[PDB]
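The primary structure of each chain is shown beneath.
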Amino acid sequence: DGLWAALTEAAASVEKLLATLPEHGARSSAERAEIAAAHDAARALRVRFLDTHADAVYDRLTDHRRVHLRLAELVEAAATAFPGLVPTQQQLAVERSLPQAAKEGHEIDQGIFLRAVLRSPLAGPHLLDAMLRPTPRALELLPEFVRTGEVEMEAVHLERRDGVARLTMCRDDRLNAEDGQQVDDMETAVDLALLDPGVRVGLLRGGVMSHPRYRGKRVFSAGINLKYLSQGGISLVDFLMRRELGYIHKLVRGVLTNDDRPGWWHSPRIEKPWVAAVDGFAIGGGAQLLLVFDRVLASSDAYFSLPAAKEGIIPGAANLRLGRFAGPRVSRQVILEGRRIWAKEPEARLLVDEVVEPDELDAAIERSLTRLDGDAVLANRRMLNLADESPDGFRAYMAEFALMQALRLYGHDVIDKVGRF
Amino acid sequence: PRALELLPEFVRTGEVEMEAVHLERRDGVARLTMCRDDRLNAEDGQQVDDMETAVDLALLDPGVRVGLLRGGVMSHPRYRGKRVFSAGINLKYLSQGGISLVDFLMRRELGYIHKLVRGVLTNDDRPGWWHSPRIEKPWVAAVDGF
Ligand SMILES: CC(C)(COP(=O)(O)OP(=O)(O)OC[C@H]1O[C@@H](n2cnc3c(N)ncnc32)[C@H](O)[C@@H]1OP(=O)(O)O)[C@@H](O)C(=O)NCCC(=O)NCCNC(=O)Cc1cc(O)cc(O)c1
């Protein structure tokens, strides 16, 4: 062994250099290379330690796979139980108060950690189940939602109507640009939709925009908030990983419930079909969402892009899912070269089921919702999703993604590009 | 007659600013920009007169080889900073009685639009008129917005 002691020392060297060296941006090139080498030695040992000890580390935190912990709770418990393995809440607060260009990149350690956890065939599936459980916030709001049929959240408006959970993304000043709060609202709303027995089908649509160039027009998504990303407010764990393992995965697989109802022995998760309706455009994170719906409609003037081909972060699980929809040539055109796909071109039918003129779209959305009601759709979409995306495939991708995306979140090309927005 | 009047200054200057159209000779191209920035280039009697005048100038100017029709940058708030080709006839003026059967609807078809196809019929005043009594040139259209 000896890896823990080596890691502890290498982390100490890093903290000693951060204490003595000048602040980021005031460092000379020799000072910059010295701290960079210390970060590298420490992170190298984080990997080597977890290569052999990940399962034991995870077992301590979750009582040998007997307590389900979500991502935030997991990395926070790992910080206190294994100092130096991942950053503390206090170290993260310091990072979070800095712009991305000035951060030391302590989230990378969380990427290292979550990679090793998701790579384990024992710990990985367990963490994924934990993220499929209902959020506490949703369980809290569920009784009022059952009664009222309505919840107004900061980034999402949810309404039960005619057996449909109508999620409207309503950040009318910024084209529904995504942030940590949008993810929390989306997961809460998705949780409510799935837990509400009066909901049979879900609908995701963008609301009416108010920014002057789009006033009176609906817009689906302009993707991640690039301003916040530049400013330090995009969290690796609480945004980039949370959305993939939480609400987006619940759209596919449903919510894992307790053994508290009949039939749980054949359906431990409650899943329902989802419809997406795209107004204006779906960009980045919003386009990623479309790879997970049972039905996708778009207005005739809409387009779909994952535009950050030169200097962007990985487009979530698009790299996992797009090849299945579009094949390897088109997926590389979209992701490697930033090809934008328009709702009216033939290849839009790889991503969209129905393209409709603006004046006929509302009615076409309503028709689509009535077609997905039965028990037959539920069984069939479960079998399809199982065939389309294996547990191992999703897990193995999200394991590498945790580290690869962490690195991209701190890449100089990304920081530079995002600052110019 | 308006075009013949403006032709010498256009040959000299390479530029004419009209109410509904901006015309510029550049690199042998007659660049017609439809520039009613407040109403998405909605058409009226004056637009037709400007269009025909510009088309006439493009065809008569020996320094022009190819014509280009494009919409200019709009200033209306829903389209500010964006080019728009044409929103068609001015429906407000049509309601108000200001769309002329002869001077708009017939004039545009028999004048500038037909000159885009067939050119301008000139006098017998140049070599070759016996085989080409009309001067025609090729035209490019670039459609922004709609
Ligand atoms: C979409 C546009 C072409 C629209 O062009 P215009 O019609 O000229 O609109 P704008 O006036 O820019 O937009 C209106 C308004 O919203 C603001 N806006 C628009 N999009 C954004 C984003 N993405 N962030 C922040 N603010 C935004 C814009 O600044 C204006 O607000 P003011 O500054 O207050 O004037 C343009 O706004 C644009 O390029 N937006 C950014 C698109 C983009 O590159 N998004 C990021 C793509 N990358 C991801 O999503 C990455 C990602 C997301 C994920 O969810 C997960 C993951 O793993 C990775």
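For the structure, see preceding data.
All residue numbers refer to a per-chain count from 1 along the written sequence rather than necessarily to the numbering of the entry. Residues that lack coordinates are not shown. As a convention, the first chain written is A and the first ligand written is 1, with the rest following in written order. Reported values pertain to the displayed chains only, which are themselves part of a larger assembly. Derived side-chain values reflect all non-hydrogen atoms in the structure, with water molecules and hydrogen atoms excluded from consideration.

Enquirer: Would you explain the site of the ligand in this entry?
Expert: Residue and element names in this part refer to chain A. Around the ligand, a shell composed of 28 residues is seen, among which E178, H211, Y214, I224 and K227 lie nearest. Here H211 contributes a side-chain N or O atom positioned 2.8 Å from an oxygen atom of the ligand. At a separation of 2.7 Å, a nitrogen atom of the ligand approaches a polar backbone atom of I224. We get accessible surface area from the Shrake-Rupley algorithm with a probe of 1.4 Å; when it comes to residues, only the shown protein chains can shield them. Protein burial of the ligand: of its 1100 Å² of free accessible surface, 76% is covered by the chains. When atoms are counted within 2 Å of each cavity's grid points, the one that captures over half of the ligand is the second largest pocket. Per the convention used, a helix needs a DSSP run of H or I reaching at least four residues, while a strand needs a run of E reaching at least two, with both numbered from the N terminus. Those elements that place two or more of their residues in the shell around the ligand are helix 9 (226–231), helix 10 (236–245), strand 8 (281–283) and helix 12 (285–289). Looking at the shell around the ligand, the element that brings in the most residues is helix 10, giving three residues. When residues are grouped by polarity, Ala, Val, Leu, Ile, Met, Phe, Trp, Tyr, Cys and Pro land in nonpolar, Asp, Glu, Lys and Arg in charged, and all others, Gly among them, in polar. When the residues that make up the shell around the ligand are grouped by side-chain class, the tally is 14 nonpolar, eight polar and six charged. Throughout, near means a residue has at least one heavy atom within 4 Å of the molecule or strand. Pairs of N or O atoms within 3.5 Å make up the polar contacts considered here, provided that, within protein, one atom can donate a hydrogen while the other can accept it, and that residues adjacent in sequence are counted only when both atoms are side-chain atoms. Any residue with an atom within 4 Å of a point lines the site, the site being either a cavity, points on a 1 Å grid over the protein atoms alone where a 1.4 Å probe fits but cannot get out, or a pocket, an open set with protein on both sides within 12 Å along at least 5 of 7 lines. If over half the atoms of a molecule are within 2 Å of the grid points of a cavity or pocket, the molecule is regarded as sitting in it.

Enquirer: Sorry, what's going on with the sheet that holds strand 1 (residues 150–152) of chain A here?
Expert: Neighbouring strands of a sheet are bound in pairs by backbone hydrogen bonds; such pairs are parallel or else antiparallel. Residues and elements named next belong to chain A. Reading across from one edge, 1-2-3-4-7-9-12 is the order of the seven strands in this open sheet, with mixed pairing throughout. This sheet does not close on itself; its edge strands, each paired only once, are strand 1 and strand 12 (354–356). Recorded for the sheet is a direction-independent mean angle of 15° between the axes of neighbouring strands. Any two strands with at least two DSSP-identified bridges between them are counted as paired. Two strands pair when backbone bridges link them, and strand 2 (residues 156–161) and strand 3 (residues 164–169) are joined in this way by six bridges, in the antiparallel orientation. What sits directly across from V156, in strand 3, is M169. Axis lines are fitted to C-alpha atoms, over the contacting stretch for helices. Their N-to-C directions set the angle, which ranges from 0 to 180 degrees.

Enquirer: Would you take a moment to explain the packing of helix 2 (residues 29–62) of chain A against helix 5 (residues 107–119) of chain A for this structure?
Expert: When two helices pack together, their arrangement is given by the angle between the helix axes and the distance between those axes. All names here are of chain A. Two elements in contact, helix 2 and helix 5, have axes separated by 8 Å at closest approach and are oriented at 55°. Overall, the two elements helix 2 and helix 5 adopt an arrangement that is oblique. Along this stretch, helix 2 crosses helix 5, giving a crossing that reads as right-handed. Contact residues: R43, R46, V47, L50, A54, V57, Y58 and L61 in helix 2; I108, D109, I112, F113, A116 and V117 in helix 5. Each residue belonging to the contact of helix 2 with helix 5 can be placed in one class, and the counts come to 11 nonpolar, no polar and three charged. What sets the label is the angle itself: under 35 degrees gives roughly parallel, over 145 gives roughly antiparallel, 65 to 115 gives roughly perpendicular, and the rest give oblique. Crossing handedness is defined as follows: a turn of the near helix away from the far one that is anticlockwise and smaller than a right angle gives a left-handed crossing, while the clockwise case is right-handed. Only heavy atoms enter the contact rule, under which two residues are in contact if any of them lie within 4.5 Å.

Enquirer: I keep staring at the sheet that holds strand 10 (residues 303–305) of chain A and nothing clicks. Help me out?
Expert: Residue and element names in this part refer to chain A. Spatial strand order, 8-10-11: three strands in an open sheet with mixed pairing. Whereas interior strands pair on both sides, the edge strands pair on one side only; in this sheet they are strand 8 and strand 11 (341–342). Note: strand 8 against strand 10, three bridges, orientation parallel. Bridge assignment links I283 to a residue of strand 10, and that residue is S305.

Enquirer: Can you help me understand the layout of surface pockets in this one?
Expert: The method is simple in principle: a probe with the dimensions of a water molecule rolls over the atoms, and the space it marks as empty is what remains. Grid points are joined across faces, edges and corners, and a volume is the space filled by probe spheres set on the points. Taken as a whole, the largest pocket encloses approximately 1200 Å³ of empty space. If you go around the largest pocket, you meet 33 residues; those closest to its centre are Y214(A), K217(A), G280(A), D301(A) and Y79(B). Ranked by the residues each element gives to the lining of the largest pocket, the list is headed by helix 14 (residues 358–370) of chain A, at four residues. Residue composition of the lining of the largest pocket, by class: 13 nonpolar, five polar and 15 charged. Considering only enclosed or pocket space, the second largest pocket measures out at about 1000 Å³ in volume. Looking at the second largest pocket, it is lined by 47 residues, and the ones nearest its centre are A222(A), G223(A), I224(A), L226(A) and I283(A). Those elements that provide at least two residues to the lining of the second largest pocket are helix 9, helix 10, strand 8, helix 12, strand 10, helix 13 (318–335), helix 16 (391–409) and helix 17 (412–419) of chain A. A class-by-class count of the residues in the lining of the second largest pocket yields 26 nonpolar, 11 polar and 10 charged.

These results come straight from atomic positions and should not be treated as a statement about function.
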